[PDB]
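Visitor: The structure is given below, and queries will be raised subsequently.
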Amino acid sequence: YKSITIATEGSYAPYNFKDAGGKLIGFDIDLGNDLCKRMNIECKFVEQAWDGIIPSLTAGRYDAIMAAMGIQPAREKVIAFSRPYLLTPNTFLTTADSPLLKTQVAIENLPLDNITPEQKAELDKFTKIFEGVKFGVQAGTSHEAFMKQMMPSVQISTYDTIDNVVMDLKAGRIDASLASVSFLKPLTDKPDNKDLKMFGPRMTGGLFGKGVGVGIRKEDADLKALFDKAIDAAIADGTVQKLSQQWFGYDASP
Ligand SMILES: N=C(N)NCCC[C@@H](C(=O)O)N1C(=O)CC[C@@H]1C(=O)O
């Protein structure tokens with residue numbers, strides 16, 4: 001390889017978004033550039049809407065995806081992934097005045113790989129509390145899949161971008177949402193968002209898979225091996241931890 005094009009969304013701060021000059025910035029951009037430097041590959045980042053991000057990769061419009069993409073089992077049927085470059089659980093979001101905040105959480109860290117009767121009872125409790133609660137999630141995500149598969153009785157609205165979900169939550173058009181802690185913690189840490197709060201179990205596994213990875217075509221085994229070697233090196237030397245603290249305000253490195 002000499003040069004690659006990496007697609008990102010540009011609507012998921014602080015992983016990938018746009019600066020004042022309209023340039024793509026974020027953890028995914030800084031990490032992508034760092035990995036390409038380690039691989040000795042010229043790096044170009046391109047903006048791509050979420051709906052076509054995977055088919056544009058398999059159609060050969062670009063070489064890789066770095067766009068806060070969970071290493072999701074359903075996506076693994078279509079594309080390959082690098083080893084994880086970030087780890088995160090997933091949790092709920094509501095307003096600071098919501099009565100949902102008073103809900104007791106019985107299972108703080110809830111793994112979904114092998115749901116026990118105890119874990120199912122906790123999911124069922126939140127499903128019942130969510131009756132009559134209007135949820136909003138980003139379309140085409142594991143958050144949409146979790147609500148449709150694990151909480152089908154809950155009213156759900158899907159949105160083109162997470163920015164429109166947050167806008168409708170602030171406006172009172174929806175009552176709650178679901179996204180990763182890596183997205184929600186920096187969002188709720190902003191003084192701009194003192195009126196928003198994370199709540200509920202912090203979920204991992206199951207349909208979410210494990211970690212965030214670089215999406216790569218299945219046939220590009222050499223490119224995956226190059227990314228995996230570079231990611232291992234960037235974790236080992238503290239680069240992923242450094243960039244995670246810079247963008248997220250905490251260490252989400254594997
Ligand atoms: N708009 C974007 N560029 N990405 C949205 C990814 C949302 C979701 C996913 O992959 O479907 N995520 C998870 O399931 C774990 C990590 C990731 C997230 O919410 O940060």
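Visitor: Could you tally the net charge around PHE17, taking each other residue with its Cβ under 11 Å from the Cβ of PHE17, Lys/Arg +1 and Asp/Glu -1? Don't jump to the answer; show the numbers that get you there.
Guide: On the way: positive: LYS18, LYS23; negative: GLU9, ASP19, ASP28, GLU47, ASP163.
Result for the neighbourhood of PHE17: -3.
Visitor: Moving on to the next point. Work out, in µm²/s and without decimals, the Stokes-Einstein translational diffusion coefficient of region 83-144 at 10 °C, 1.306 mPa s, Rh from Kirkwood over C-alpha pairs. Spell out each step's value before the answer.
Guide: Numbers: Rh = 13.9 Å.
Rounded, D is 114 µm²/s.
Visitor: Give me the extension gain from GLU47 to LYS229: residue separation times 0.36 nm, minus the current Cα-Cα distance, reported in nm with one decimal.
Guide: The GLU47-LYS229 span can extend by a further 63.0 nm.
Visitor: In what order do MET147, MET198 fall by count of nearby beta-carbon atoms within 10 Å, going from fewest to most?
Guide: By the 10 Å Cβ count, ascending, the order reads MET198, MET147.
Visitor: Taking every eigenvalue of the Cα gyration tensor of region 89-207, multiplying by 5 and rooting it, what semi-axes result, largest first, whole Å?
Guide: So the equivalent ellipsoid measures 21, 15, 14 Å along its semi-axes.
Visitor: Right, another one. If one computes the Cα centroid of region 213-254 and of region 148-191, what distance in Å separates the two points?
Guide: Cα centroid to Cα centroid, the span is 26 Å.
Visitor: Once amide H atoms are built 1.01 Å from N in the peptide plane, which residues 5 or more positions from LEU86, or in another chain, come under 5 Å H to H?
Guide: HN-HN under 5 Å from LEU86: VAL212.
Visitor: Taking other Cβ within 10 Å of each residue's Cβ, how do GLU131, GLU144 sort, fewest first?
Guide: The order, fewest Cβ neighbours first, is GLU131, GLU144.
Visitor: Please check: in the Gaussian network model of the chain (C-alpha springs, under 10 Å), which one of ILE174, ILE41, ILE231 has the largest mean-square fluctuation.
Guide: Greatest mean-square fluctuation among the candidates belongs to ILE41.
Visitor: Give me P(r) over region 1-158, computed from all C-alpha to C-alpha distances, binned every 10 Å, as integer percentages.
Guide: 9, 31, 31, 20, 8, 1
Visitor: Test of understanding: ordering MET150, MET69 by Cβ neighbours within 10 Å, fewest first, what list do you get?
Guide: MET150, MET69
Visitor: Sticking with the crude label model, points 7 Å out along Cα→Cβ, report the distance from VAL78 to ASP19 in nm, one decimal please.
Guide: In this crude label model, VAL78 to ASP19 measures out at 3.1 nm.
Visitor: A further question follows. For region 157-242, which trypsin sites (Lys or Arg not before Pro) are both in a DSSP coil and crowded by at most 13 other Cβ atoms within 10 Å?
Guide: Within region 157-242, the qualifying trypsin sites (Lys or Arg not before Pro) (loop, at most 13 other Cβ atoms within 10 Å) are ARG173, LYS194, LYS218.
Visitor: In addition: For the pair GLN149 and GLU118, what calculated FRET efficiency results from E = 1/(1 + (r/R0)^6), where r is the Cβ-Cβ distance and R0 = 25 Å, to the nearest 0.05?
Guide: Once rounded, the FRET efficiency stands at 0.80.
Visitor: Sticking with this one: Local charge sum around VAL78 (other residues, Cβ-Cβ under 13 Å, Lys/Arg +1, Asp/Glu -1)? Don't skip to the answer; put the middle values down first.
Guide: Working: positive: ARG75, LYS77, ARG217, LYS218; negative: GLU76, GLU219.
Cβ neighbours under 13 Å give a net charge of +2.
Visitor: Here is a follow-up. Under a 10 Å cutoff between Cα atoms, tell me which one of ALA64, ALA74, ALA230 has the largest fluctuation in the Gaussian network model of the chain.
Guide: The residue that fluctuates most here is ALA74.
Each reported figure results from applying straightforward, stated rules to the coordinates on display, with no laboratory input. We place every Cβ from the backbone using ideal geometry, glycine too, and count neighbours over all the protein chains shown.
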